[PDB]
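J.: my complex, part one, positions kept as in the full thing:
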Amino acid sequence: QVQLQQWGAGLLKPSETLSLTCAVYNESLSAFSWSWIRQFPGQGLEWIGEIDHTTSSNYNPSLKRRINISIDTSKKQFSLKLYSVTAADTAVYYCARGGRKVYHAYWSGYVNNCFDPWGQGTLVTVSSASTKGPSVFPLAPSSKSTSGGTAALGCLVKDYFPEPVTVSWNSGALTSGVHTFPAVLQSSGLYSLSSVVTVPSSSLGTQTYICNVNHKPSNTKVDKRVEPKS
């Protein structure tokens, strides 16, 4: 059970420098090589570069001249820097465990350079737009409590930057029949998404439904009650 935790800034202005750090928690740094991977919007994966416990690092040829990768073996962390950042560098950056140190017989090298486990990921957005907190509006259910079928209600998360925004219902008590749509970039430059959930119509008068909207960039947490309109 190896754990990988990462952090960094997800919003940068152009021409700035991206900085991210990954943290290995349940394993030896020495045993494995550590690599950085990014995933473009609705695209494939690109390998950035790897590093050993020895200072030695290998980079992708395309990014060789804009990359720095280091390892702080005291903290068991390895970092990634990307200089002169651009919107083309906007992607989800992942930590990963690369090849295994094998001393036999003897390569003295890292062998299976494929990545498991992966990091959770850090969505870096390259824009000069400033961060905005979201507004949460109720998507009230029309349906009468006594219709006796299924009813749908939800929350509308409007006008925020940047991504992402996580939405839960009743702190996660309710996860069944919950649909959270991927956000859409409006013409205003602000993101917007809605989270809906289908529940029995006979519980619109007993059960209380609250959506939990979190936006980490703005440090915004909102709990919204969704109740049938009178």
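T.: That came through, no problem. Numbering: from 1, shown residues only, chains lettered A, B, ... in the order given.

J.: contacting residues for residue A:148?
T.: Residue A:148 is in contact with A:201-202, counting by Cβ atoms under 8 Å, 6 or more residues apart in numbering. For every residue, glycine as well, the C-beta is placed using N, CA and C.

J.: again, but for residue A:185
T.: residue A:191.

J.: and the gap between it and residue A:166?
T.: 18 Å (Cβ to Cβ, to the nearest Å).

J.: check residue A:95 too.
T.: 20 Å.

J.: do residue A:59 as well
T.: 33 Å.

J.: kindly report the same for residue A:61.
T.: In terms of Cβ to Cβ, residue A:61 sits 36 Å off from residue A:166.

J.: please identify which of the two sits among more neighbours.
T.: Set residue A:61 next to residue A:166 and count neighbours by other Cβ atoms under 10 Å: residue A:166 wins out with 12 against 6.

J.: wait, isn't the more buried one in contact with residue A:211?
T.: No. Here residue A:166 does not reach residue A:211: they are 10.8 Å apart, not a contact under Cβ atoms under 8 Å.

J.: how does chain A divide into domains?
T.: Taking curated CATH domains as the domain assignment, the ranges for chain A are A:1-128, A:129-226.

J.: endpoint to endpoint, the first one covers what distance?
T.: Right, domain A:1-128. Domain A:1-128 has an end-to-end distance of 39 Å (Cα to Cα, to the nearest Å).

J.: now for chain B, put it on the one above:
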Amino acid sequence: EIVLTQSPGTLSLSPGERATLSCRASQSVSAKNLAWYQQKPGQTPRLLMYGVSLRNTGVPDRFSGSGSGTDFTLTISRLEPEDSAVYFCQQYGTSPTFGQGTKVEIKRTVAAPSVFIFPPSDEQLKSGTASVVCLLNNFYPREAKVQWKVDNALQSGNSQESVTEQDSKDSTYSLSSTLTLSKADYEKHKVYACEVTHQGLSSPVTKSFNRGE
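T.: If we add chain B to the chains shown above, we get the following:
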């Protein structure tokens, strides 16, 4: 330097059928340094296969790796509704590179969407903008047509839509259309209809409401 090309780009098959995925390399791939990944919706890529044929721990039998040198092959013997994801192949023989990815969806019986419509909240109206949301819940196939009418007038360029990824259980999709009007234009009209056309419906279905009703 080695470019990996996967085919086909998209794969649509029913559960229980054999899914054959291909991966070709621009250069020869040394000594079985080829790996396969699986990326389910909203998740990170997880190692599915490595060493060409070696099956990662926790991975079912049904997945199989094949091929050598230039052409490689990933095979899913009996597809499941949870097998719907994007599959990447990767070579570690040289400096690592991935393929463009091949997406796989699971076919199922025609599911007609359940249409819900939501009026803009009162709290929002004080902002000066009215967002009307039409919901299409649980349908297949992915393809759907949504039209907005204000007062029997077709609306164009004032809506955006979001479609969820295919569900891992029932293999359905869900869509949401958001009509954006200013508070002024919203208060001027009365009828707001959401018309939906799908292959699972005999005739288009409309959900509508009257402003301030």
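
J.: mind listing what residue A:70 touches?
T.: Applying Cβ atoms under 8 Å, 6 or more residues apart in numbering or on different chains to residue A:70 gives the contacts A:51, A:55, A:57, A:78-79.

J.: kindly recompute the last result at 10 Å.
T.: A:21, A:51, A:55, A:57, A:77-81 (Cβ atoms under 10 Å, 6 or more residues apart in numbering or on different chains).

J.: mark which of those are part of strands, please.
T.: Those of the contacts of residue A:70 mapping onto strands are A:21, A:51, A:57, A:77-81, per DSSP state E.

J.: mark which of the contacts of residue A:70 are buried, thanks.
T.: Neighbour-count burial within these applies to A:21, A:51, A:57, A:77-81; the criterion is 16 or more other Cβ atoms under 10 Å in any protein chain shown.

J.: reformat the residues you listed as CSV; add distance to chain B.
T.: CSV is the format used below for the buried ones among the contacts of residue A:70 (distance: Cβ to the nearest Cβ, whole Å):
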residue, distance to chain B
A:21, 18
A:51, 14
A:57, 12
A:77, 19
A:78, 17
A:79, 19
A:80, 15
A:81, 19
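
J.: name the nearest residue to the most centrally placed residue in chain B, sequence neighbours excluded.
T.: Centroid-nearest residue in chain B: residue B:165, 3.3 Å away (criterion: Cα atoms, centre = their mean). Leaving aside its sequence neighbours, residue B:165 sits nearest to residue B:41 (Cβ to Cβ, 6 or more residues apart in numbering or on different chains; 3.5 Å).

J.: cool, thanks, signing off.
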